Amino acid sequence: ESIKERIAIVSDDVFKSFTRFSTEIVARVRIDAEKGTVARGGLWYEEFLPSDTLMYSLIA
Amino acid sequence: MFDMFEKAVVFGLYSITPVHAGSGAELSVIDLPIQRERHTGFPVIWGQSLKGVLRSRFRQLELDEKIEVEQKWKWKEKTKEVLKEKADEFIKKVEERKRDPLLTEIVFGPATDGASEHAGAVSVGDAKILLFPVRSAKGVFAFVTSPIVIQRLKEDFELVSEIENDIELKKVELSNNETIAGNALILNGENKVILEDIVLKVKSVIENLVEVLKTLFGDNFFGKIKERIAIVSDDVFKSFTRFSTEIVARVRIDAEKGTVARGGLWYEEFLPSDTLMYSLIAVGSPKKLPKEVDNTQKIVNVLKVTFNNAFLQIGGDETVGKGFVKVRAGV
Amino acid sequence: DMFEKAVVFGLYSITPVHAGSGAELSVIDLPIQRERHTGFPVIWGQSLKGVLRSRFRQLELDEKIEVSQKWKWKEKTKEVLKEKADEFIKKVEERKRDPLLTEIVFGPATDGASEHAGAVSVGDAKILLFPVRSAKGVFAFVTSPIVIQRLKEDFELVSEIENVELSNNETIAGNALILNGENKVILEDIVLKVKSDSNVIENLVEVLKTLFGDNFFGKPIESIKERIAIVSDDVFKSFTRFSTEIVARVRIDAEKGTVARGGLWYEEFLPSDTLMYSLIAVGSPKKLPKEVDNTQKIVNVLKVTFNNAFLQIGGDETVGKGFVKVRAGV
Amino acid sequence: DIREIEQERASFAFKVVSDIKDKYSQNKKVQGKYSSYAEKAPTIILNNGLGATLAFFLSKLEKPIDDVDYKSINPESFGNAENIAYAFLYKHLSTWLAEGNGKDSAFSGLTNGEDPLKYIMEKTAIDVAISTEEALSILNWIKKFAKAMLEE
Amino acid sequence: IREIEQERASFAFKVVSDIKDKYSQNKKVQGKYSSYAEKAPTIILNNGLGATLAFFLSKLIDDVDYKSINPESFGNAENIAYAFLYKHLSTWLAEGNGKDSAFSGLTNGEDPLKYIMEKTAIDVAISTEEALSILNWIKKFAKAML
Amino acid sequence: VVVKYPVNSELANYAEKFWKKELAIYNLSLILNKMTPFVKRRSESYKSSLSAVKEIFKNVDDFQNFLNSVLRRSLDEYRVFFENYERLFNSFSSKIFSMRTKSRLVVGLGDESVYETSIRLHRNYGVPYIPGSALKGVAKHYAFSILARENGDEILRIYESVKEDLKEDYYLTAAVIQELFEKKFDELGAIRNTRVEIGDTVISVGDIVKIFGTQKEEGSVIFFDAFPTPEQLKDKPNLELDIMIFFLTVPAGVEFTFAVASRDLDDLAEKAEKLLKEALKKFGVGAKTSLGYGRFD
Amino acid sequence: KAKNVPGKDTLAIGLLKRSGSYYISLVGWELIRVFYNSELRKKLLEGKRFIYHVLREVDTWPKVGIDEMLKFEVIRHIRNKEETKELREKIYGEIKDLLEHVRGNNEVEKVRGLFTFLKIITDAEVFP
DNA sequence: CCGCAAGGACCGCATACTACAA
């Protein structure tokens, strides 16, 4: 019943937009501890599905 | 019902200096913002940021034989005890910074060269906000939190409860203009609190929350609060975490002209000092082994002894005194 | 994690100090830097490092750095860079890079930024003793529980590297501040009842003796003890807000010798006799000569270079603002 | 959905500045004086204090600085432009500290209806500090609208 | 959140083009508008949206109405550029690209400054973010066209 | 006389005792600025000006003596301050010189005050002093003057474009020179070699640029604050009342210590020193210079 | 792809990474000539950030102001001030030249096509 | 006692900007 007060139904295009452009996009690095700076080839970007996401799978 | 892990430790983090856990430059008025959970706007420190900090510290301690297990931990000897024949070649890799010392790789996983050998034994959770400092008309500042934060804390306790199989280990409603606050924050004869630029009416929970904080971090609070605790609504709390952070203009000065150089003016965000965050550190069975650290309980013990009451630096700008935090690691 | 040594830099203001934070649309056009949630005046680590780095740079380029003998960077660069030494010297002369030891301690200039990190961590300068006008005793050196608590925590950090409750109308103060047989102290516009205590001030003076010795920036430490007051956090907050220096400045139009249009503004200053301190942490250099190839050596260079030195911090340098006396307590 | 004090400050400031412009549209002297006094006021407060500032205004009206309630002051009962402006500024500042922007607004004052000067000369230093900061904040907004609206 | 960016970009391109059109031979005006556009988000960051709008107001009154502003009727480049930026920012918050477009403003035609004085803190926050975003787009086209 | 103090409750009674000499106070700026007397001059008219405050005392002489008696109680602390100030000067190899007030001196007359008049008094020690901003300012404006009287025709001819912006006598020349030094300093190449004597030393326009600096480069000379010697605080009144409306001044015969320092390899502190010395003689510093105030010998 | 473009005479370049991604760019033959002689090529091979920003945000660009946004990204990613002004003018001209030979319905798809091409040939894993 | 009551420069620059095995 608590969830009901915070559900938002939006249009298909708007929902698609949010699921594609509101996911977490995080830069990660690897540090060369010898120099204390970011190592060669040590920078990349990773996408995350946020917490508080509800999904369902049918197990046949 | 969380059988992939066997034990868990909560890492309390109290900032004593401003903290910049960065996410990178943006085309915005705030050029260098801090890490935030996008759908809540809450400041965070991603688990990979914290893991890198914990790994680097643990590694240096093992190389300097400062690691306590059960006496001193001699990683070269234990390496010879485990790898036996090909132990000498492994030690050479470590000295060349190709691999990391034995206990480090057991806990945090192998260096990038041996990534495919096995995974790390511990799971370093994202750090989330528990108490956020907010200036107050009375009492200087308040440790501010909210029901949704208290709720997430209870849910994390449920995680610990499921992992440790301890069922024994397992209500705050507020209007937007209301607060539950300590005596030091309340204006003389008004029953109101002024936090930042918001007037909040005092409502007649804190004592219980403190008792919870006393469980995780011991009877003392990081060597130091109930009088300045303020519980506000979720949205008010959210606005504080997003708009009451330190935003600082920095410059680069031309060493000869004494004037600001081109490409030498930017704005940088900092999580304030006196911020309390926490991360859930889950420990599973090592996947790589000497008897001293062959199971989950022994690894937990090493983690607790190594990082409890220790000081860490997290985020960037270490050289200008940012990111210094005090750690409390309790079960 | 390479930090093996920590030294405390005491900063005692001789002239008013303006560590600026940018202009604002208010009566105080140019305010000083403050910690947001407390409102306490600060000097951010980056502001202090820039001054320390600038000074160290000018001293290294003039062969005035001692490591107890003189330091020759051009000669030490030839021993380090070898074939690429002549190229590096041309970069420094073209101001594209900084001299060797400066880049070792504070980190490389822009062009060499990714080569290695700086060896030292310059902490935020925190308020320790704030000068407040006093009815008796001329002026007092004032602190608060929050300040003392932070001082204590910073020591728990230093020792790790090297391996009081007052109500708003109460104060713990030295005898030189207390009115004749009234047990009251008057600081600025605030009348405070003296609270009987026998440990707080004493331990605080002991701390200052451990760091700075008997020489308290040109005066005996015993002289200061009689004029030290601790007040509540609320009261200290009010002092640091309403007892800073607010200075009206103008620009004169040479035509008539009058104030130009939009030629009147206000600038904020920390007053003279303000005691601030910064934690300078020192780790193993990451770039290097054997003279400065470890933590202890860097510390020794930092101490001798800046101990008893007079440094300008913040803005308005050429009109004589921002000059402090530095003590490097190891 | 709450409001921030800044919103109430801006609202109150616009209202009192518009009130002057309405009551004295033909009087540029009154408007010019009020703007000058609004500009001067925060500096006096920082140097001499809020209490001395409120008393400074009353002394211009030749009122007893100890026996005057702000509500009793009617700016529309003075002759010269100076005293009209001083009366307005004193009234607006006192009203803000005493009543804020209304009893049902997001800020209903600090002195709970008590006359600010009487409040200052009766309460503690911390109470005065909180009122002093608030006085500076409302004056900043009065200055903003006075600079744009009031003419010389 | 993507379509709103396109709307902002469309507005930004339009207002900067109008600046460059009316004052083609006047590089002082173009340069002033550019500088103020760059400084504007900073003023908002350090003083808030309300104060910034008030600051613009002082560069120009009887009532707070962005519609009534006439930037071309001013004497010097400083005031002309200020009046234009002020009207542009206010127009966006109040009208968007018009009521025939996806984004038609936040304040429904009401002057943003008076809007801030009347509405909720939430309403002010979204107006602040939106103001920063449109200025960020104006800065882009300013650097490339002016 | 009836006196009222619009401060917090407990301070009001102590401020009463301070001004009545019933209790000793050790800080001058504190009692002046934060414990302002509102004196009931007549009827229900209260005043906070120095003219009204003077009525608290037997006479003008009594008022002066009180102020200086409060002032002098900082002597011991001020001596240490002044000694560290001298140590500061010598650490920057400053050119240190002392000059004495030839006439009355009042710096900061216009600082906003319920007294309607004011004077720059040190926050902690109460002594009057001269800000480095004023010293740097009066030296630069004096440089503007000498260049105008000696090279006005040529400067106005070479920079006719800048002249049009300003606008045709001396006062127009001085403004033109200022705008050149302040705004259009990239165009000073034409008269960079132009020199001026003050008095036996040769100072070029290019030297003046480096001394005071521009928006593109910091000044090469530090202008420190100027303070009265501790010996005078002990021996003579550092303040006396004057009349225009009463206002505080520094009496004639008060010796101040000045200092300028080079912060560049150019070492221009000597030229700056000679320029400042002349400024303090011919222009004077502080308010009301057109009446002879602020002169030094 | 290539033969499905109106007027055909098209080069279709595909990059199938080992990890699984499949980038495709449709270009006119003259694009190859323009690119090899371009300052842009020498600058790119002297990067990923420039290309990322354009590909990620091109759909937010105004239809009427594509060229101006290209000017901006060149200013932001291409830099003495004498050489900086010249390089920006030259590279912008080259980009405009390259866009003429990219296959696409509109200017947006042409920009996407071009920077998809640039992403392929700057892939450090493919061109070590 | 009266008057005033900020302005422009800088405007994120550079580096790192996947590596490797399974």
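Residues numbered from 1 in each chain as written, not as in the entry; some residues may be left out. Chains lettered and ligands numbered in written order. Part of a larger assembly, values for the part shown. Heavy atoms only, no water. Residues with missing side-chain atoms left out of burial classes, pairs and counts.

1. Structural notes on the overall build of chain G
Phase 1 of the analysis: Along the backbone of chain G there are 6 helices and 2 strands.
Phase 2 of the analysis: Along chain G, from the amino end to the carboxyl end, the secondary structure elements read β-β-α-α-α-α-α-α.
Phase 3 of the analysis: Its C-alpha atoms give chain G a radius of gyration of 15 Å, near enough to 14 Å, the size a compact globule of 128 residues would have.
Phase 4 of the analysis: With the C-alpha coordinates of chain G rotated into their principal frame, the extents come out at 45 × 35 × 30 Å. (Helix = DSSP H or I, 4+ residues; strand = E, 2+ residues; numbered from the N terminus. Rg over C-alpha atoms; globule rule 2.2 N^0.38 Å.)

2. A few points about the overall build of chain E
Phase 1 of the analysis: Within chain E one finds 6 helices and 0 strands.
Phase 2 of the analysis: For chain E, the succession of helices and strands along the chain, N to C, is α-α-α-α-α-α.
Phase 3 of the analysis: For 146 residues, the compact-globule estimate of 2.2 N^0.38 gives 15 Å, and the C-alpha radius of gyration of chain E, at 14 Å, lies within 12% of that figure.
Phase 4 of the analysis: Expressed as lengths along the three principal axes of its C-alpha atoms, the size of chain E is roughly 45 × 35 × 30 Å.

3. Details of helix α5 (residues 147-163) of chain B
Phase 1 of the analysis: Taking 1.5 Å of rise per residue, the 17 residues of α5(B) would be expected to cover 24 Å, and the 24 Å separating its terminal C-alpha atoms lies within 8% of that figure.
Phase 2 of the analysis: Two residues or fewer past α5(B), B:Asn165 is found with a positive phi of approximately 50°. (Expected span 1.5 Å × (residues − 1).)

4. A word on the interface of chain C and chain F
Phase 1 of the analysis: Contact with chain C, which involves 45 residues of that partner, is made by 49 residues of chain F.
Phase 2 of the analysis: Of all the elements in the fold, those that place two or more residues in the side of chain C that touches chain F are β4 (125-133), β7 (184-187), β8 (190-194) and β10 (245-253) of chain C.
Phase 3 of the analysis: At 6 residues, β10(C) tops the list of elements feeding residues into the side of chain C that touches chain F. (Contact = heavy atoms within 4.5 Å.)

5. Comments concerning the arrangement of the chains
Phase 1 of the analysis: The interface with the most contacts, out of 15 pairs of chains in contact, is the one formed by chains C and F.
Phase 2 of the analysis: The two units chain A and chain F never meet; even their closest C-alpha atoms stay 33 Å apart.

6. Notes on the packing of aromatic side chains
Phase 1 of the analysis: Taken together, a centroid distance of 6.5 Å and an interplanar angle of 50° make the contact between B:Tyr14 and B:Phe143 tilted.
Phase 2 of the analysis: Ring geometry for C:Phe323 and F:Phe224: centres 4.9 Å apart, planes at 50°, overall tilted. Here C:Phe323, found in strand β14 (residues 323-329), pairs with F:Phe224, found in the loop between β7 (221-223) and β8 (227-228), and the two come from separate chains.
Phase 3 of the analysis: The positively charged end of D:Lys144 is found above the aromatic ring belonging to D:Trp141, 5.6 Å away from the centroid. (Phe/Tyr/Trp six-rings, centres within 6.5 Å; stacked < 30°, edge-to-face > 60°. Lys NZ or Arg CZ within 6 Å of the ring centre and 35° of its normal.)

7. Concerning the pattern of salt bridges
Phase 1 of the analysis: For D:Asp19, the salt bridge is made with D:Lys23, and the minimal N-O distance between the two is 3.3 Å. You can see D:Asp19 and its partner D:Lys23 sitting in helix α1 (residues 5-23), 4 residues apart, about one turn around the helix.
Phase 2 of the analysis: The salt bridge partner of F:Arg104 is F:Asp242, with a shortest N-O separation of 3.6 Å.
Phase 3 of the analysis: Here the residues in one salt-bridge network are B:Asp197, D:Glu6, D:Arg9 and D:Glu134, joined through shared partners. (Salt bridge = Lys/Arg side-chain N within 4 Å of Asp/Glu carboxyl O.)

8. Topic: the sheet that holds strand β3 (residues 45-47) of chain F
Residue and element names in this part refer to chain F.
Phase 1 of the analysis: The antiparallel open sheet is built from 3 strands, whose spatial order is β1-β2-β3. Strands at the two margins of the open sheet, each flanked by one partner only, are β1 (3-4) and β3.
Phase 2 of the analysis: One ladder, built from 3 bridges, connects strand β2 (residues 38-42) with β3; its direction is antiparallel. Bridge assignment links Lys40 to a residue of β3, and that residue is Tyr46. (Pairing = 2+ DSSP bridges.)

9. A closer look at the pairing of strand β1 (residues 7-15) of chain B
Residues and elements named next belong to chain B.
Phase 1 of the analysis: One ladder, built from 8 bridges, connects β1 with strand β12 (residues 276-283); its direction is antiparallel. Across the sheet, the residue bridging to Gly12 is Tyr278, located in β12.
Phase 2 of the analysis: Looking at chain direction, β1 and strand β14 (residues 324-330) are connected through 6 bridges and run antiparallel. The residue of β14 that forms the bridge with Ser15 is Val325.

10. Here we look at the pairing of strand β5 (residues 141-145) of chain B
All names here are of chain B.
Phase 1 of the analysis: Inspection of the sheet shows strand β4 (residues 127-135) paired to β5 by 4 bridges, in the antiparallel sense. Note that in β5 the partner of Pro133 across the bridge is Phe143.
Phase 2 of the analysis: In this antiparallel pair of consecutive strands, β4 and β5, the connection spans 5 residues, and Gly139 shows a positive phi of 90°.
Phase 3 of the analysis: The pairing of β5 with strand β9 (residues 229-232) spans 3 bridges and is parallel. By the bridge assignment, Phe143 is partnered in β9 with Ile229.

11. Here's the deal with unusual backbone geometry
Phase 1 of the analysis: The omega torsion across F:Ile198 and F:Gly199 is 0°, close enough to zero to call that bond cis.
Phase 2 of the analysis: In this fold, F:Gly199 is placed in the loop between β5 (195-197) and β6 (202-204).
Phase 3 of the analysis: Of note in the backbone geometry, B:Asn191 takes a positive phi value of approximately 55° without being a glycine.
Phase 4 of the analysis: Positionally, B:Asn191 belongs in the loop between β6 (178-181) and β7 (192-195).

12. Quick notes on the side chain of F:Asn124
Phase 1 of the analysis: With respect to the element layout, F:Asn124 can be found in the loop between β4 (95-100) and α6 (132-158).
Phase 2 of the analysis: A distance of 3.0 Å separates polar atoms of two side chains, one belonging to F:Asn124 and the other to C:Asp273.
Phase 3 of the analysis: If we ignore the near neighbours within four places in the chain, the residues touching F:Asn124 are C:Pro131, C:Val138, C:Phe139, C:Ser272, C:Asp273 and F:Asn27. (Polar contact = N/O pair within 3.5 Å; in protein donor to acceptor, adjacent residues only side chain to side chain.)

13. Quick look at helix α9 (residues 295-306) of chain C
Phase 1 of the analysis: Its 12 residues place the ends of α9(C) 17 Å apart at the C-alpha level, agreeing with the 16 Å of an ideal helix rising 1.5 Å per residue.
Phase 2 of the analysis: Looking one or two residues beyond α9(C), the residue adopting positive phi is C:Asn308, at roughly 70°.

14. Concerning the side chain of F:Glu218
Phase 1 of the analysis: Considering the arrangement of structural elements, one finds F:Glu218 in the loop between α9 (205-212) and β7.
Phase 2 of the analysis: Within the structure, the side chain of F:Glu218 is placed 3.4 Å from the side chain of F:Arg263, a separation counted as a polar contact.
Phase 3 of the analysis: Ignoring anything within four residues of it in the chain, the contact list for F:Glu218 reads B:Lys257, B:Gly258, C:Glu317, C:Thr318, F:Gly213 and F:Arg263.

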